[PDB]
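Okay, so here's just one chain, in structure tokens, the form solved without this ligand.
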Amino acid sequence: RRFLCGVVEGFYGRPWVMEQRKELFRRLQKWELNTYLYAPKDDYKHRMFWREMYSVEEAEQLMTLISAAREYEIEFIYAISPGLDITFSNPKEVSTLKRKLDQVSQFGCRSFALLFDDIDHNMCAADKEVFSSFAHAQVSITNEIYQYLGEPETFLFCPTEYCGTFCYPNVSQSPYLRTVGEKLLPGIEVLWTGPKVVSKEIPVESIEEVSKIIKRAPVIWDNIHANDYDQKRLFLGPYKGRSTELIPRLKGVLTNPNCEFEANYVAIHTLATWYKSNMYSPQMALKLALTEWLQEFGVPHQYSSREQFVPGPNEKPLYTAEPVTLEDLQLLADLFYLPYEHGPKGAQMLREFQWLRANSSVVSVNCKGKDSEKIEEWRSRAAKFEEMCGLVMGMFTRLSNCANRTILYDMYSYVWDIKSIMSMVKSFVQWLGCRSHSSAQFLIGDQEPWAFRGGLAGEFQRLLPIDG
């Protein structure tokens, strides 16, 4: 039995380059994965201008990538998304699609996919006179393409209603999915993403409900680590929340990685472990992933003596950089954990800070003669919070000195922002702790840099509704 496991390059943003993709292939082979799907959202010749043909230089790029994929025995799937403006009743459109796919095949590509995600539900007047339904036209054109291509072993189709939230009135009773299942040829595999676009968890019953319609096992398009619906968020947590009992009931798992190329080591490693387990413990998987990931940070750059000055007792020490530790990586993971939850350490820090803020007025000003136990407890908790903030700042400082700065420079902004905000919060906590003998306003320097926050974004965020 064959099974699909791999990655889908289908995020919005600056697309990855050839070197990154080759390194990705090497990692995929190391981790015993087998599938790469190429459907970048911002490739003009993929979605927006699919009708155009590739040039000689683009042809060389594609041929090099496909040959590299063949070297590492990783299946390469090329996708097309003509749903933006294709007319189904015009033979010229079908011929153009056939010619495009033939140009792709000429390079040596083997597997092809057609996507109709994120388009409208309407058709032109011409198609109304031919097809009874939108699904009818989609299925007819997909079947024609599949027959033309020679019935390859692998072929992927994404229904417009790729999630339950987009099915009306429900998954079981949707006429679109019923028509698809009735009229789609048996040789095509169907993509699905779960109850929601970003599914927090996937119960088996929903997958069975989908199977009862599509008459085949689906292929999971998991956006558990996608970050193109709010690009301020980075996700480094392990693959979590999907039950392994789905493995016999699925044709394959394909993961959407983070837009930043070097931030997807942990997610892909955890996915590989998750699949390999049952041909599972999210905490153990994360621990193993970080243990393996630490090896690629190497050592911090150090002065190389490979006649050198050596200081004495009265001379300033030479600058030295500490190595990056496992604890730093764990803390970094907890700071950027999951789309629907934080890590244990980040959540605990947030709760502790909220508690400290809540009871600041208990002992802040002129608290002599009050309960000493409250004063000591508040001071101790504040000190522990200070230690946590110092740990975060030290993590950033140590990561800054890594010799292999490629890892950091692809995620520099997020870590720098989180360490800056931790520093600001530490200053705020100190000012709260000094109220009884200092009446000065909370200030960093002589002013309030936090008032500006993130400019317009932050000022608009400040006005959004909250639970409290």
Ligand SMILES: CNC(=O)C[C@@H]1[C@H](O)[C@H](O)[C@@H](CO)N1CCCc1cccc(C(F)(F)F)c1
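The first residue of the shown sequence is 1; numbering continues from there.
Keep in mind the form solved in complex with this ligand is missing from the figure; the text below concerns it.
*Asks:* Scan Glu260, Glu93, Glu189, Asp117 and let me know which has any heavy atom within 4.5 Å of this ligand in the bound PDB entry.
*Replies:* None of the others qualify; the residue that does is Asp117.
*Asks:* Among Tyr275, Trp221, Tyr337, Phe76, which has at least one heavy atom within 4.5 Å of this ligand in the bound PDB entry?
*Replies:* Looking at the other structure, the residue within range turns out to be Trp221.
*Asks:* Does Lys45 make contact with this ligand in the bound PDB entry, using a 4.5 Å heavy atom cut-off?
*Replies:* No, no contact at 4.5 Å.
*Asks:* Under a 4.5 Å heavy atom criterion, is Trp416 part of the interface with this ligand in the bound PDB entry?
*Replies:* Within the cut-off, so yes.
*Asks:* Would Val197 count as a contact of this ligand in the bound PDB entry, using a 4.5 angstroms cut-off between non-hydrogen atoms?
*Replies:* Within the cut-off, so yes.
*Asks:* When the contact criterion is heavy atoms within 4.5 Å, does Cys158 count as touching this ligand in the bound PDB entry?
*Replies:* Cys158: yes, in contact with this ligand in the bound PDB entry.
*Asks:* Out of 348-356, 128-136, 189-197, 314-322, where are the residues with a heavy atom within 4.5 Å of this ligand in the bound PDB entry?
*Replies:* That would be 189-197.
*Asks:* Would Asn170, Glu209 and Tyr239 all count as contacting this ligand in the bound PDB entry, using a 4.5 Å heavy atom cut-off?
*Replies:* No, none of the three is in contact.
*Asks:* Using the arrangement in the bound PDB entry, list in sequence order the residues of 215-246 with any heavy atom within 4.5 angstroms of this ligand.
*Replies:* The stretch touches the partner through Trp221, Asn223, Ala226, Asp228, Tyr229.
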